[PDB]
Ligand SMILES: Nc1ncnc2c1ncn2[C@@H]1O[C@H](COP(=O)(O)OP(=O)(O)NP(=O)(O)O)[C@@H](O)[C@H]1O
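Take a look at this one chain, the form deposited without this ligand, written out in structure tokens.
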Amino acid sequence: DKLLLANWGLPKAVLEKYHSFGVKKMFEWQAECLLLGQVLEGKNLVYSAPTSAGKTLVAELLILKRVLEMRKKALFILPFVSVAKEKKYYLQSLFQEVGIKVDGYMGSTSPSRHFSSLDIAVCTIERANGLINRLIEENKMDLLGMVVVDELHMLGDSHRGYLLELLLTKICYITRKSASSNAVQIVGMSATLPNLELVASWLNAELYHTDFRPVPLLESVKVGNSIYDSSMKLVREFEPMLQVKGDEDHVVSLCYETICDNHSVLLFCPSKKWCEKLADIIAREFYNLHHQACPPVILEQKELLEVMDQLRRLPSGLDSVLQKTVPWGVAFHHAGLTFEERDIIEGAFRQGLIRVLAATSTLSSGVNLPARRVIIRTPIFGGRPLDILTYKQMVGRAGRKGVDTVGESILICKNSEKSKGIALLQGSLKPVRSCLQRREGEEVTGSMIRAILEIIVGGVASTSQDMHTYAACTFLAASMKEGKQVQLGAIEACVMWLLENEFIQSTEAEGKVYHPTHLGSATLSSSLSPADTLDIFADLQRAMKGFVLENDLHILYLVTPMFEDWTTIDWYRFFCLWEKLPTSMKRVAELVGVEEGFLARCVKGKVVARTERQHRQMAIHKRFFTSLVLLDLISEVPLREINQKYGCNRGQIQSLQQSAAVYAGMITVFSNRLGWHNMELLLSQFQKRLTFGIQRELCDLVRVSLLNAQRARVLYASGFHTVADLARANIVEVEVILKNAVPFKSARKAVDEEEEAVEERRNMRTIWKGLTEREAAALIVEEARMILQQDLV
């Protein structure tokens, strides 16, 4: 009964919470992983097990042990905000009865407390690195007592997760420089990489690996009728029941085959367009079955009506394809949907009301959504062969906790190029290699630059000897010394780059000693990338030369998120959208460096930049086009009009809203630390406006009149009007309120002013077909009184 969790010294509350939330006994692999000789003595640990096992239970027990016994702050680092929230509630629900002050840093969420009062901080990678920089800047690094790290195999990505090398390297360096019984214990989960012994020995960790699964997975590939296992054993020839030309690979039959068993099918797709198309086809066959009408389909239509009606509450309305599919238990789930459509369709699949769910990779990662069967539609995604890590992560969802006894998965392929499928079933992950590693013919990399930047700006390792001592702690150094048995000259080409771009200063004494500029501290405090800072700071300088206070577009530009290919841009539509801009906004285009000749060149084709002019002219226009969308969001333009106007979609929009609201807070901290306090107040005073939710005190008014919420607010800020009060107000009183609600804009033409600049000031005061307040104050009374005449009935 060594596996019975009650023996392990858990507090009874947590034991019963595990009895509530989970299972009473650990798996045997978990009992081994906790009992590597020094792990319970505080040795660092790296381990790997399938995600269907109780992967985090080992870490959670190690978290609780250290925080009960050593009573020091712990940091839990997770790859995504959604996982960070899900795990925060789990950890709170598990530990709160013990009083462990769990909170976390993720998205816009913050503890609303100073860190030194928490016990567990749950973080995304971005905010875990940011917090450690501030612990180093505050020199409070002594507070941190543990770090826990999921998906430690992310070290090899240029986009994200290299921060996880820098983060652990900073911890190791400060510890090693102090040490040369652990100050910080590191626990890492790494999904069974090869050369995982290298990651373990780099961290001085114990290593545990198992392939144990609560349920087995039959990975297989389909070509033609033939079904092969991982060994290429032909196990079945498939029958294309419900044979139709509607799918030449008979995807419907593999789904229907499992629908006939009353089990749930998960179906990964190359694209949102293909995913949307494929869910329509499947639903039409369940329509075709039921309207022509072997096992029948069970539809549970009483619940599908509740789900499909609940989706009607959402501001954008129910998707015109979900209207076709959801009545049959067919849905699609991808990041082209809004954030709530995702949450509702996830919950409806977790309970099995939806039984077929077509999806992109958004169900591979970020949400744990297990299924009984996983179908993967092609080995090629876009123009490229599927990442074998994505393949493993997709098929890893085929297991369930006893809801079936096995998992199954099917790669679908054609008979040509079949080996490019089998290469996934027989392959394995590439060895992980740190992004710090230069190519022999190449300049230093942006992650090495940022690694070197952070230490200096925090005042750690200001000497080049200390920079070489830091670099010896990297996973690159551990990887190099293993593989070889040049980095000393890669530091120099970074420090020069940090000098030539003014992030650091050199001071004499024998040698040189380096310090942050304000452009250093600003880059670090905003936790921007240096490569992005040279675009943001170049935009900020050109505003100091002439900031248009007349309107929001110029300051939206400065706070507009930096994205690469946030959409495809139709440069001809952008050219038209710029050409028709109002005068006081076309003046913003000229001042930010948008140019007729560049848009025309981008209409006439496409450009790949070859000069520092061309490399930033793109970065100007791409940022400006993104601001034109943000301008329409704060102007409350309907999203259905934005999508048609810009080619955007309602998922891209909602992520833009969430990103802009954070950029305004970074670039306030950026300008605050460049000392540009006249720009900080303009940005901080605008951070208060760059938000998009309904002010609930107004809600019962905007519920009815569909007026712009500022009109509702002034009709609330004056006289506290409900709709039943607006029906009583005098049309002349409302006209005076509507006239004196706005910030002033004179109607006259000034001397030496173009009338095309005056017309905008008089137009901005109009309320709609050109309703002046004289007229609008009547129509608003007519609307209010005619509605009230139909609401008290």
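Superpose the two forms; the largest set of C-alphas matching within 1.5 Å is the rigid core. Start at 1 with the first residue shown and count on from there.
This protein has a second form, the form solved in complex with this ligand, left out of what is shown; the following refers to that one.
In the modelled overlay, this ligand taken from its pose in the bound PDB entry has three or more atoms closer than 2.4 Å to backbone or C-beta atoms of this form, which marks the pocket as blocked. Comment: 52-60 is the region of 735-743, 720-728, 36-44, 52-60 lying near this ligand in the bound PDB entry, near meaning a non-hydrogen atom within 4.5 Å. This ligand is not drawn, but in the bound PDB entry it has no heavy atom within 4.5 Å of residue 250. Although the partner is absent here, residue 316 is not a contact residue: none of its heavy atoms lies within 4.5 angstroms of this ligand in the bound PDB entry. In the bound PDB entry, this ligand stays beyond 4.5 Å of every heavy atom belonging to residue 48.
With a 4.5 Å cutoff on heavy atoms, residue 64 does not count as touching this ligand in the bound PDB entry; it lies far away. This chain is displayed alone, yet in the bound PDB entry one of 165, 219, 285, 150 has a heavy atom within 4.5 Å of this ligand; that residue is 150. Distance criterion of 4.5 Å from any heavy atom to this ligand in the bound PDB entry singles out 86 from the list 303, 119, 206, 86. Contact residues in stretch 348-379 (any heavy atom within 4.5 Å of this ligand, taken in the bound PDB entry) are limited to 368.
With the rigid core aligned between the shown form and the other one, the listed residues 357, 376, 424, 656 include just one Cα displaced by at least 2 Å, namely that of 656. Fitting the two forms on the rigid core leaves the C-alpha of residue 450 displaced by under 2 angstroms between the shown form and the other one.
Taking 2 Å as the criterion, residue 388 does not count as shifted between the shown form and the other one: its C-alpha moves by less than this amount when the rigid core is aligned.
Annotation: Cα of residue 107 displaced by at least 2 Å between the shown form and the other one, core superposition. Whereas the displayed form keeps them at a certain spacing, the CA atoms of residue 688 and residue 314 lie at least 3 angstroms closer in the bound PDB entry. If you compare C-alpha positions, residue 703 and residue 319 are 3 angstroms or more farther apart in the bound PDB entry than in the form on display.
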